[PDB]
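Report on the following structure.
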Amino acid sequence: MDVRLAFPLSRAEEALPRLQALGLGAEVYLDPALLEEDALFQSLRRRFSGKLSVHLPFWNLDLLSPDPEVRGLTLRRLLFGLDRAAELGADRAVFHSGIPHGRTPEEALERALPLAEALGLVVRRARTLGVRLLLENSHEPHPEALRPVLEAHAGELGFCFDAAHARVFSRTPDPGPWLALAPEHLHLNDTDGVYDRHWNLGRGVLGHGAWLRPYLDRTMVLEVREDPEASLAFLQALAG
Ligand SMILES: [Zn+2]
Ligand SMILES: [Zn+2]
Ligand SMILES: [Zn+2]
């Protein structure tokens with residue numbers, strides 16, 4: 001299996017030895033504060049040869065923000081993030097739609113085509129760089145909010161499914177309707193069904209055994225804020 005550990009670039013020194021020991025790939029979150037730090041990117045690129053993807057900046061970003069300076073900053077963050085992704089030899093780059101929490105499904109649907117358009121520049125930059133861009137569900141109420149964005153880009157934009165986000169932030173806690181969007185990339189952890197806990201698999205309420213098995217040949221990112229070995233064991237148990 002292609003199992004990866006999520007970690008911020010700021011904690012790469014802690015992460016690296018654990019990746020090697022467990023045979024894990026990496027998904028490196030690109031701390032905005034570190035985007036200009038050339039040495040850190042070169043250091044990471046030369047030292048690690050496992051499968052690598054990035055998480056692009058997301059905190060307080062939205063291409064569709066009512067604040068035009070936020071819109072500008074968001075575009076710069078995503079584009080520079082992709083430049084760093086290409087530099088690191090990343091296969092995939094994951095990002096958020098920027099939808100605020102608490103939109104109704106109807107409001108979310110109204111964001112779809114404007115988002116599809118705003119993402120053009122970003123999808124095209126990813127294309128030029130040879131990085132696969134993946135939209136992760138965050139605060140979208142339902143998969144119908146994302147389907148038109150994916151369809152509009154005709155296969156150029158992939159989908160990353162985060163079941164905890166659906167459970168805790170959306171109007172669609174059931175993984176099924178999201179899985180119908182055909183995620184090629186999965187963000188894995190467990191939750192108590194209240195907070196985005198980032199627990200190891202097997203510890204919360206998501207019941208991955210009932211839905212994850214068909215997707216074990218796809219890239220799985222452990223988004224866990226504790227030692228990931230328990231989750232890797234869980235996955236190996238499911239794999240046979
Ligand atoms: Zn994310
Ligand atoms: Zn996630
Ligand atoms: Zn998360």
Side-chain angles (χ1 to χ4, degrees), residues 2-11 15 24-32 34-35 51-63 74 77-78 81-82 84-85 90-102 108 115 119 122 126 131-143 145-146 149-150 157-170 172-175 178-179 181-206 208 211-212 215 218-226 228 231 234-235:
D2 175 7
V3 190
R4 311 191 183 181
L5 179 63
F7 57 92
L9 180 66
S10 57
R11 275 134 89 20
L24 294 176
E27 184 156 289
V28 190
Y29 161 75
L30 307 182
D31 304 68
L34 300 181
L35 282 169
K51 297 264 203 179
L52 190 146
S53 51
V54 304
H55 200 303
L56 301 170
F58 67 93
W59 282 116
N60 302 111
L61 302 184
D62 182 12
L63 287 169
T74 298
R77 287 293 189 239
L78 295 177
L82 277 172
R84 291 303 198 185
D91 62 353
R92 287 145 182 234
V94 186
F95 73 104
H96 292 196
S97 74
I99 195 177
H101 177 82
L115 179 66
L119 281 171
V122 183
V131 178
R132 172 81 172 164
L133 195 65
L134 308 168
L135 177 49
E136 176 196 352
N137 64 296
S138 52
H139 294 288
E140 292 82 3
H142 61 329
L146 294 177
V149 189
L150 301 171
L157 183 68
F159 172 59
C160 168
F161 177 48
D162 193 302
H165 291 174
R167 181 58 174 258
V168 160
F169 302 136
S170 86
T172 316
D174 186 356
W178 302 96
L179 290 168
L181 299 173
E184 68 196 64
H185 201 82
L186 284 90
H187 281 175
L188 298 190
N189 56 42
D190 220 335
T191 166
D192 52 8
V194 186
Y195 299 101
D196 195 16
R197 290 291 187 173
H198 287 223
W199 294 336
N200 269 323
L201 302 172
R203 303 186 65 229
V205 305
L206 292 181
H208 298 257
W211 63 262
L212 178 60
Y215 303 94
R218 285 137 129 141
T219 303
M220 289 163 300
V221 181
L222 303 174
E223 288 211 322
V224 296
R225 313 226 156 174
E226 58 212 40
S231 283
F234 189 101
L235 291 176

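Because only heavy atoms are used, hydrogens play no part in the values below, and waters and symmetry mates are left out as well, while side chains stay in. Residue numbers count from 1 along this sequence. Just so you know, ligand 1 is whichever comes first in the structure, and atom 1 is the first atom listed for that ligand.
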* Asked: By atom name, which N, O or S atom belonging to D196 lies closest to the Zn ion (ligand 3)?
  -> OD2
* Is there a side-chain contact between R84 and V54, using heavy atoms and a 4.5 Å cut-off? -> no
* **Listed partners of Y29 passing ring-ring contact (aromatic ring centres under 6.0 Å, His included), at least two apart** => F58
* Structure fact -> Contacts of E223 meeting side-chain hydrogen bond (donor to acceptor under 3.5 Å, both in side chains) (sequence neighbours excluded), chain-then-number -> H187
* Asked: Does some side-chain heavy atom of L35 sit less than 4.5 Å from a side-chain heavy atom of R77?
  -> yes
* Asked: For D62 and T74, does a side-chain donor sit closer than 3.5 Å to a side-chain acceptor?
  -> no
* Return the number of protein N, O or S atoms with a distance to the Zn ion (ligand 2) smaller than 2.8 Å. => 4
* Among all residues two or more places apart in sequence or in another chain, which pass the side-chain hydrogen bond (donor to acceptor under 3.5 Å, both in side chains) test with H139? -> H101
